Ligand SMILES: [Mg+2]
Ligand SMILES: [Mg+2]
């Protein structure tokens, strides 16, 4: 409903698609030559890899990059001997950790005096401190120093921004402003890329090949996004739930963003469409678990989602029948689609995993219906189930032909700690961010309200407490992401890391949280409407 119409009618010239692809293919060997150069050091190769990451362009060379870093990491102690450049050490820290190599925080010892810890002379180094700030979001639970580093960097950068010399380099100033407001690893890959392109263009001595490559890459990525939204909108319109149901929310863009966060690349296009269809469908189910549904209505709804059928008829009312029918028809359809691609098992798991979510949803509704506000601790035992991150991860795997159904869904039902930590991040981010919407519906049982009631604290203070629980679990996600490398396929692990980054994007608001719709409006047109001028 009105970005709907927009994408329904936007003109997508296939000729332009083809030309973008062609020019990307043509430039690719030149960029790969840069990576494989015998003439550059390990250090220079890491700088390049960082730049490719920054520009959303590393995935074209993932094989080569992973191998370069696997070798380079074994020589890491050697490489940093005598390396006292803050930006360099910090760039290395980002790259190895992003790639599942736990570079030690001891590398930062050299920038620390004997105390406070971080050296005050690290302030002529504005570029170095920017990267230090950035990598302060790549900590492990035990790594207390990162939080020290985050504060150090922010304070001194804030002072630099405030104004003397700041002005003399506007483009740099703006970039640092953007980073402090939205840290790279509190942002999603493609938006990081879109902004870095603008920054890098203004950098004296920027590589012209890499810049152009990055622009072509973004425009090509964006073409897929617009086509995906076009496809989604047509599909949603045909389904026509708006006719048969009174309360259909507008979740088109948010739902696409629900696939784009997890993976931005062109080859996960199908994966994004599948994830977006499932999310848009499950929103309607979620909306149906409403305090204003009666005890019998929710009992029968929940039972039908246990049986995965279609009443019988010994059953209930029209709009609810319509919801159950639609969910089963959509999942049945998606399963039919993926069957030739050998992915029907994964589609089947969607409603299998939702079974316990429905049961949990039933309890939330009972609380909401009677106006019971449980303790925050009792709430969370139910809330972590409704968060369903094992379900969400499952949605993303369906469209990934580079992921064995057997390994992925085996991993998932082993209940990985990382899916457990993501459940906490989502549940808390969602409940705080959508609070006033929750209160204006009858949904009085939520993480914020339950915390406020337990500790007699105010909305603001509760919020700040939940934030800290969120940050702890984010650090857990990072640790699990690194730890699980060479045990769990990297393409699986990156979805998980990207869930964390997407949740920051959508719900965090300074010290946070807020509704996704307002955050999306900030980057809507840059992502989904306007291409980069070539
Ligand atoms: Mg609900
Ligand atoms: Mg909620």
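When we count neighbours, we look across all protein chains shown, and the Cβ atoms used for this are built from the backbone with ideal geometry, even at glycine. Values quoted throughout were computed directly from the atomic coordinates according to the rules given, and no laboratory measurement underlies them.
Would you mind calculating the gained length between residue 525 and residue 155 on full extension (0.36 nm times residue separation, minus the Cα-Cα distance), in nm to one decimal? Numbers along the way, then the final one.
Numbers: separation 370, 0.36 × 370 = 133.20 nm, distance 3.21 nm.
Gain on stretching residue 525 to residue 155: 130.0 nm.
Multiplying the sequence separation of residue 517 and residue 491 by 0.36 nm and subtracting their Cα-Cα distance, what value in nm do you get? Walk me through the intermediate numbers first.
Details: separation 26, 0.36 × 26 = 9.36 nm, distance 2.85 nm.
Here the answer is 6.5 nm.
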Open item on the list: If I take every Cα pair under 8 Å that is 6 or more residues apart in the chain, average their sequence separation and divide by the length, what percent do I get for the relative contact order?
Closed with: 16
TODO: Using per-residue counts of other Cβ atoms within 10 Å, averaged over each peptide, order 181-190, 108-117, 39-48, 479-488 from highest down.
DONE: 181-190, 479-488, 39-48, 108-117
- [ ] Using the number of other C-beta atoms within 10 angstrom as an exposure proxy, rank 225, 199 with the fewest first.
- [x] 199, 225
- [ ] On a 0 to 90° scale, report how tilted helix 295-307 is relative to the longest principal axis of the chain, with both axes built from alpha carbons and the result rounded to the nearest 10.
- [x] 70
Open item on the list: Once each part is reduced to its C-alpha centroid, what is the distance from the stretch 164-233 to the stretch 385-428 in angstrom?
Closed with: 29
- [ ] Equivalent ellipsoid semi-axes for the chain, as square roots of 5 times the alpha carbon gyration tensor eigenvalues: give them largest first, rounded to whole Å.
- [x] 40, 28, 22
Task: residue 458-residue 372 pseudo-label distance in nm [points 7 Å out on the Cα-to-Cβ vector] - done: 3.1
TODO: Using the number of other C-beta atoms within 10 angstrom as an exposure proxy, rank 212, 475 with the fewest first.
DONE: 212, 475
Task: Whole-Å distance, taken between Cα centres, linking the stretch 98-146 and the stretch 311-376 - done: 46
Open item on the list: Can you compute the radius of gyration and Dmax for the stretch 407-509, using only the Cα atoms, both in Å?
Closed with: 15.4, 47
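Arrange 235, 367 by Cβ neighbour counts within 10 Å, fewest through most, would you?
Listing 235, 367 from fewest to most nearby Cβ atoms yields 235, 367.
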Task: Whole-angstrom gap from the stretch 34-77 to the stretch 461-526, using each part's C-alpha centre - done: 26
Task: Among 355-365, 299-309, 13-23, the order from most to least packed when residues are scored by Cβ within 10 Å on average - done: 355-365, 299-309, 13-23
- [ ] Would you mind putting 452-463, 391-402 in packing order, based on average other-beta-carbon counts within 10 Å, highest first?
- [x] 391-402, 452-463
TODO: Take every Cα-Cα distance within the stretch 39-205, group them into 10 Å bins from 0 onward, and report for each bin the whole-number percent of pairs it holds.
DONE: 9, 39, 38, 13, 1
Task: residue 322/residue 13 FRET efficiency (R0 22 Å; Cβ-Cβ; nearest 0.05) - done: 0.05
- [ ] Please give, to one decimal in nm, the separation of the simple spin-label points placed at residue 509 and residue 63, each 7 Å out from Cα toward the Cβ.
- [x] 4.7
